[PDB]
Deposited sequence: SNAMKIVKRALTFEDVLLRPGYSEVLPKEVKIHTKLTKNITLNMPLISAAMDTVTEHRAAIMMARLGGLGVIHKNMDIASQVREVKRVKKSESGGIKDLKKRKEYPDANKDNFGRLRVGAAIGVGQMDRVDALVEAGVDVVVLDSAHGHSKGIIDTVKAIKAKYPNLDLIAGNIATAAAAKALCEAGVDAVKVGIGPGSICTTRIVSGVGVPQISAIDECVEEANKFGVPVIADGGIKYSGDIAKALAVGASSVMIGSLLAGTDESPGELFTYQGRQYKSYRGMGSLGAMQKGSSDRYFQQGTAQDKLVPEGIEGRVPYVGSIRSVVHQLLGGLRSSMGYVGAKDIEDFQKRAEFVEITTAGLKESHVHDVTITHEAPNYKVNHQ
């Protein structure tokens, strides 16, 4: 007989219950840990995708207190220049008071690498990257683990994120190899077809839950990567135990993402594509892709998007009565809902006529 080990839930399946609150949303603290050694002033990371994060997006994310991860779909020299552009970026101290800086006052930045890319690691380390994001479609693999061990052997103090994973066994294996954070998410991304092409993945809320429980044993933070559609999803991912959230599609239509605006029938758009899409590909992986190429609406500045996102997170913590993220995770109580309950939660039986800044 077939082994079903779990009925797995994702964001749309659950809601947080309200709790007794003595805190206002404006007063809660949203600092969190990116890795064992790197703190964020707010829990958002822009994805390592060639339509989301290069130096300009990374700079704004760091200025607002989070982080950008420079994607690796470029040569080593180019990715070094991108990292250097962020590090050398820093009126602003009054303007961006929550900026996420290293010990020398420089904006923090991350950069993506792949299996076996030690040459790329050497050059990113030399450029002053704060953290390396070892990215694979399948982080629970010999290639990833061997790469973790080689990097730690050469750079014992380099903070290392590794992913992506979706199981406790994967979290345990990466933590035992010495990673400083695990990135959780197999298939949930907006542009991702891994689950359809390969049949493989875990609904994101259950994946986070399972991996947090294992990673917590090692004191290792979890990055919840992909499938975030609304500010409420950020709140749910953090409440179940993730320490930070990686976001692609919500940031790809911003001014600061790479690529130019274009108009299609009166409305403005920006391209957004999977890094496993055919166009992006022009270790683990004619090509058989695991992502699509598409477009998202133009939404203005990263700052305006992040403001709405973090405001939804602050409202959530106020509803739960939480003074900060760890208290949020201690207090969090979830309810499983039905499709009808989801219909009820969205706007219904009313035709929207003005665009809400945080709801589409």
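- In this chain, the deposited residues that lack C-alpha positions fall in the ranges 1 to 2, 93 to 99, 292 to 297, 301 to 306, 382 to 385.
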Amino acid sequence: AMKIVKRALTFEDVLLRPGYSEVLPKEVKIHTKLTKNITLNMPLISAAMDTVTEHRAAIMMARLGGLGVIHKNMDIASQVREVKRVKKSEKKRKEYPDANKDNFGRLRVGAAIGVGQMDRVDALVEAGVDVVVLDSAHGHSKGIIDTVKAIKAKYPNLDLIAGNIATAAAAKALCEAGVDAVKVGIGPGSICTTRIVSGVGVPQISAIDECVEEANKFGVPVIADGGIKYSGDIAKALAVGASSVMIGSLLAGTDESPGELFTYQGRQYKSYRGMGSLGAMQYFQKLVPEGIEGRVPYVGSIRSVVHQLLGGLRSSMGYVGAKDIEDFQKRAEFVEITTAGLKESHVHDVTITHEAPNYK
From here on, numbers count along this sequence of modelled residues.
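- The stretch 71 to 79 shows the higher mean C-alpha B-factor when 205 to 213 is compared against 71 to 79 in the entry.
- Mean C-alpha B-factor is higher over 287 to 295 than over the other stretch, the pair under comparison being 59 to 67 and 287 to 295.
- Highest C-alpha temperature factor among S243, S89, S231, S198 per the entry: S89.
- The residue among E95, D225, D159, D146 whose C-alpha atom has the highest B-factor in the PDB entry is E95.
- In the PDB entry, a CA B factor belonging to the middle third of its chain's modelled residues is recorded for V52.
- Annotation for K26: C-alpha temperature factor in the highest third relative to the rest of the modelled chain, per the entry.
- Remark: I38 belongs to the middle third of its chain, ranked by C-alpha B-factor as recorded.
- For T10, the recorded CA B-factor ranks within the lowest third of the chain. Only modelled residues enter the ranking.
- Sort the chain's modelled residues by C-alpha temperature factor and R120 lands in the middle third, per the entry.
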